[PDB]
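A lone chain, given as structure tokens: the form deposited in one PDB entry.
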């Protein structure tokens, strides 16, 4: 009886108990999120309690099997996931303190509110009040007030909590034999023991930085064009060579520039292709939308939805008294149960979201035959990248023509194609410097390269330098502006949004290559191409069972994340932006600020 076969059998027991316990927790969560009551909350927490207690008990028992003694990589992967799910590494006192801090920062972010200077009785939360100002208001002062009030009132509360959060999370990471908590987070991309597919944690920093350099030309021209347009609308507020003020970017942080489209639209005379009207004309409902999405995946060779999908899913708002959490999510409860929760309205926005979420289900169904512990995307960016490329193909005018929502009358001129790519670039491209710069700051703080008395000093040096964005009001070290974003104060890694963005265009270029698409990559639809469906499926069925480098290769033929397909997607806009910025200053100066 070797210590490998004892671990084979320990995983046997674990899987069978876990699928049963995870199912009860997943279904209790489903009943609350679809029928909000005081009772369903009780069951959701009770089942969640027994699932967490089962895992903590199994992490302790899994740590009794020395990982080094196992030749089998599949077994070693499964035990490793069970052992690193152990934060039974700090003392019970610090473990309790860290959770308390995590709950306090979460409560402040979700319940903190600011009140209007005129009327100390009209107050606003982040969602829905402050976000409404940041996405819709064109008034400089109203945007400035909401931006500063959130940071100076809620952010200052979070500053001492984050300082203790950094300390304890670092103690947790060091005792787990990582350099720091940032090193811990980078472990999601680590690969060991497989020659030619290994990947170190330090390598991720170098590959993020190497790929980001190739993004800078496209970003600097997008930044120049956006600044030039914004300067026309705000002549007294924006310098032609300075950074963009942080409160004029479309949301509370400038994570996305989507809401700048109205002021930056290249050719505002043309429409956006919106088939919402045609869908209502032909009397579509949510059933038709998901039937169409199911048809799309069948056309590439993927299986159709299970019978339980149509029975157990919630594809419309139940309305009336029964409330539900309407955030569109795809559920993989296990034991063959796959569901989509979505309060679908008959809109083009929700029609695309259906293809995105059903893409998640296809990934869930494809690796369903793997062991329970390997039923996930190859890394944190894979699952979201798969969902994004489905809405890419379903949105193209070719697909919209074939399914009868866009008549052959509509001719695609080169100007709607530039309007489309500009709108895409505002979301997809504008977030990349933001995402990179934020996670770089967090990585440096955990590594100890930024002392506490220079946190907000370095945060705004890096905002000006990397993102080309300047704070409208000076902030001392009583602020904590990163913590004013959900992912920072709610303890989530952020680099996943950078890597996923690069994966999705790597996937799409490969799938369009298999689909024999001729023309610009942004016009591609992989519908009716079973080679593309087969090429994607070979990665989907892997889950976590193989290194993400190898799973990436089974689609795109390369072992590492690459930025060239992203530039290929946006090349038509890039040539237009360079043309547009002919008589404009490209780049920015870090010393200009709107507060003189």
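Note that the rigid core is defined as the largest set of C-alphas that superpose within 1.5 Å between two forms. Positions refer to the first chain, counted from 1.
Colleague: With respect to the recorded C-alpha B factors, which stretch has the higher mean value, 138-146 or 403-411?
Modeller: That would be 403-411.
Colleague: If you average the Cα B factors in the entry, which is higher, 511-519 or 197-205?
Modeller: Result: 511-519.
Colleague: Among 88, 100, 376, 299, where is the Cα B factor highest in this entry?
Modeller: That would be 88, according to the entry.
Colleague: Between 170, 259, 435, 312, which carries the biggest CA temperature factor in the record?
Modeller: Max CA B-factor in the entry, restricted to 170, 259, 435, 312: 312.
Colleague: Among the modelled residues of its chain, does the C-alpha B-factor of residue 557 lie in the lowest, middle or highest third?
Modeller: Its C-alpha B-factor belongs to the middle third of this chain's values.
Colleague: Looking at the temperature factor on the CA atom of residue 506, which third of the chain's modelled residues does it land in?
Modeller: Within its chain, residue 506 is a lowest-third residue by C-alpha B-factor, going by the deposited values.
Colleague: Within this chain, which third does the Cα B-factor at residue 27 fall in: lowest, middle or highest?
Modeller: It falls in the bottom third of the chain.
Colleague: Taking the values exactly as deposited, rank residue 77 by C-alpha B-factor within its chain and report the matching third: lowest, middle or highest.
Modeller: It falls in the top third of the chain.
Colleague: Among the modelled residues of its chain, does the C-alpha B-factor of residue 184 lie in the lowest, middle or highest third?
Modeller: For residue 184, whose C-alpha B-factor we compare with every modelled residue in the chain, the answer is the lowest third.
One more form of this protein should be noted, the form deposited in another entry, which is absent from this view; the next part is about it.
Colleague: Can you spot, among 392, 456, 146, 502, the one with a CA shift of 2 Å or more between this form and the one not shown after core superposition?
Modeller: The listed residue whose C-alpha shifts by at least 2 Å is 392.
Colleague: If we fit on the core, is the Cα of residue 579 displaced 2 Å or more between this form and the one not shown?
Modeller: For residue 579, whose C-alpha is compared between this form and the one not shown after core superposition, the shift is less than 2 Å.
Colleague: Using a rigid core superposition, assess whether residue 205 undergoes a CA shift of 2 Å or more between this form and the one not shown.
Modeller: No, the C-alpha position differs by under 2 Å between this form and the one not shown.
Colleague: Once the two forms are fit on the core, has residue 350 moved its CA by at least 2 Å between this form and the one not shown?
Modeller: Shift at residue 350: 2 Å or more after core fit.
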